[PDB]
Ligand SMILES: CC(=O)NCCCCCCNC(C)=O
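First, one chain by itself: the form deposited without the named molecule, in structure tokens.
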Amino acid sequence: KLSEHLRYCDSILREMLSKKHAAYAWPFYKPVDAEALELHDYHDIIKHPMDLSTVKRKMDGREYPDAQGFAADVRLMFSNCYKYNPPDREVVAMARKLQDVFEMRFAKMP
């Protein structure tokens, strides 16, 4: 039942990484590079960074004991974005659109 839930989570991750959602998902593909973005205080503000490539590494490494752990990391990723950025930034609107996908797919887990 646990393995079945995590297979469903793995499929949600594939969807989040897929062409269909790329127009808004792309900022979330790799870890935030604070130096490259010249957001030098990022790690002062955000204490637990997360991104989709890290979720993928953790999934592949069997690091999630259950679906709840997966969902906590994905929500962490979105919460970091909302916390760091002013609410009118384009990247916040992109996070929201991707989170709409995530929350719906996660809720529909059999």
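Numbering starts at 1 and runs along the sequence shown.
Below, we turn to the form deposited with the named molecule bound, even though it does not appear here.
Q: Which of 67, 76, 52, 32 has a heavy atom within 4.5 Å of the named molecule in the entry with it bound?
A: Flagged contact: 32.
Q: Look up in the entry with it bound whether residue 22 has a non-hydrogen atom within 4.5 angstroms of the named molecule, and give yes or no.
A: Because no heavy atom of residue 22 falls inside 4.5 Å of the named molecule in the entry with it bound, the answer is no.
Q: Please run the contact check for residue 93 against the named molecule in the entry with it bound: heavy atoms, 4.5 angstroms, yes or no?
A: Taking the distances in the entry with it bound, the answer for residue 93 is no, it never comes within 4.5 Å of the named molecule.
Q: Does residue 39 reach the named molecule in the entry with it bound if we count a contact as any heavy atom within 4.5 Å?
A: Output for residue 39 is yes: heavy atoms within 4.5 Å of the named molecule.
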